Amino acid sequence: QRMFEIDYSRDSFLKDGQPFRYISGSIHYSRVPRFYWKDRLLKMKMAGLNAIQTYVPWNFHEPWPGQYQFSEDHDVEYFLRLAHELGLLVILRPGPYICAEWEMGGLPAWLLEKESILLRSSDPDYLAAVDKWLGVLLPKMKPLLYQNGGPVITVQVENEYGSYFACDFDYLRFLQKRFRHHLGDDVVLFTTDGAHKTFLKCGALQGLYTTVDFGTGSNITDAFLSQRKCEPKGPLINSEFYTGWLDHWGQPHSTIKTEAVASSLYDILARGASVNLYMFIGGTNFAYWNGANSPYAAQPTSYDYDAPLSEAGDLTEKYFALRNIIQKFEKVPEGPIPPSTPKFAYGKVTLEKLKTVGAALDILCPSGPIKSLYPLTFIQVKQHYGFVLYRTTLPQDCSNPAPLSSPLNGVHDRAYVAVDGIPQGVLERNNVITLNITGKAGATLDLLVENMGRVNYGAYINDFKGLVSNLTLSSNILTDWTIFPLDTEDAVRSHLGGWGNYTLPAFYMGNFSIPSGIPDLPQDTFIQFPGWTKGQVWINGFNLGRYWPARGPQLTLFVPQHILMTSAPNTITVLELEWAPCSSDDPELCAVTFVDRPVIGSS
């Protein structure tokens, strides 16, 4: 009965045999707690959007081969039924690579167990993994297709493949074939590339509808001329019309002026194109989900993206401006719009040192260490995210400062160094490849190595983390390593088994109570770390992401109220990696602050 298709006559979509144009906003269910899905979707519907667009991050659902996460916050099918229920159509972007400022562009790290794998190509081991994944994901998506009573109207194949070096058309044909096998022959399949013949050359394929992306700085006539070169008939489509842009730690927060977004949007819409706003809400890279660009620069925890809905889902000026623009082409729904959530400043919460990482290896590594003559990568020791401790012992005496070095810039991505429990400093990928250490002969040399996010774009998406090449001490190669994978998540959640200048990396814990019986508490809040330097934060064992007040521009992290409790005290755990304000006699300096406003744009 229900039909969605391209008609090449009036250069648009037909939905059930009538002209249709979509006005869509991106929302990534993996960046919004499920608790807030309906709030974010309804606020989108109230803006006049007739569709949403989302990415399926493969690594978010298949963290090990044959092990799947489809429940609760990982419940993509529920997210799509929710959008359908609210009268929203869906543009589905299942990858397998999605880019998206997300860890390894969505590709699982365990693909790198074949060290020579060519990602995003007809590499047969890559293809076999993708097919297995498609064979799990696509049967789930099939009943959600418009034609089968669901909201899914079009499906993107890959993501900006014309920007990748490999240019493997056999790979794209494999995807087309497999998508067609699981989804049937009616579903509209499409690609998205940069709006210029140089990008379309390797991205476009026969039988996949070619669409472009571009933001407020591109000539709109030209951008659409580049799409029409590939598709002379059918809908003009901008699949990613930038409402804002991404951040990197240590760089200024990106913003795009409302007026530019509204002007461009009106223009796109008036030509009768379908369009998706990237992002409409950005949300947050919780835990270790953020990505990175080459040359190595990680994106921060916040994925606010200067979107119309702020990271916490607030209604912004930009929100109402775009709504006003869409009102010129559609009647938007009636009624008042769900509000920006109330925010509460819980104030200062004092922390106490629980344990250094060194002192906690029993619980961080219950299996015992892996021993190896040379250093092993994260992939080889079977850890994907977080931190691995690399231990050796000095061979020569170092009373005088000896150079500890990764000659091949093989510290991926940052390493916190200690000799016999004296902090020595930091090795930084691309930036600091040498550091002067001291200690006795037979001293324990510790390098705590952080994966700061796998690169999500470009040639270097095969980003093994860890010590990926040798380290040398006074030009001599350090050998005889004792490598500890670290179950930081497990250990924080069990209060490190205790259930019932630099400083050494350590866990700091405190807590705070919220009164019950109060109809408006708990509320959303923002955590601040003044005096801290770099680390990871959990509240009630929930990993809220990374803090780095030392680099900016993000100083506060979003804390959604639903992980806060009133029946029992809430516990905050910080893993500070470089310097904690906690030696002081004054214990009041060893503390975090909850504030009612975000600071993601610090100078």
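Just count from 1 along the sequence shown to find any residue number. We call the rigid core whatever largest set of C-alpha positions still superposes within 1.5 Å between the two forms.
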For a rigid core alignment of each structure in 5 other deposited structures of this protein onto the shown form, which stretch has the higher root mean square Cα deviation: 491 to 499 or 185 to 193? 491 to 499
In terms of RMS C-alpha distance in 5 other deposited structures of this protein following rigid core superposition, 566 to 574 and 31 to 39 differ, and the farther one is 566 to 574
Per the entry, how many deposited residues between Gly500 and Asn501 lack coordinates? The answer is 10 or more
Return whichever of 180 to 188 and 274 to 282 has the greater mean Cα B factor according to the PDB record. 180 to 188
Looking at the deposited entry, does 390 to 398 or 524 to 532 carry the larger mean Cα B-factor? 390 to 398
Whose C-alpha has the highest temperature factor in the PDB entry: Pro407, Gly135, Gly95, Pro338? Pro407
Reading the B-factor column for Cα atoms of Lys440, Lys142, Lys343, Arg414, the highest value belongs to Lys440
Name the third of the chain's ranked CA B-factors that contains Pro151, choosing lowest, middle or highest. lowest
Relative to the other modelled residues of the same chain, rank the CA B-factor of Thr216 and answer lowest, middle or highest third. middle
In terms of its chain's C-alpha B-factors, the third that includes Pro366 is the highest
Based on the entry's values, in what third of the chain does the Cα temperature factor of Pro560 lie: lowest, middle or highest? lowest
Looking at the temperature factor on the CA atom of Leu82, which third of the chain's modelled residues does it land in? lowest
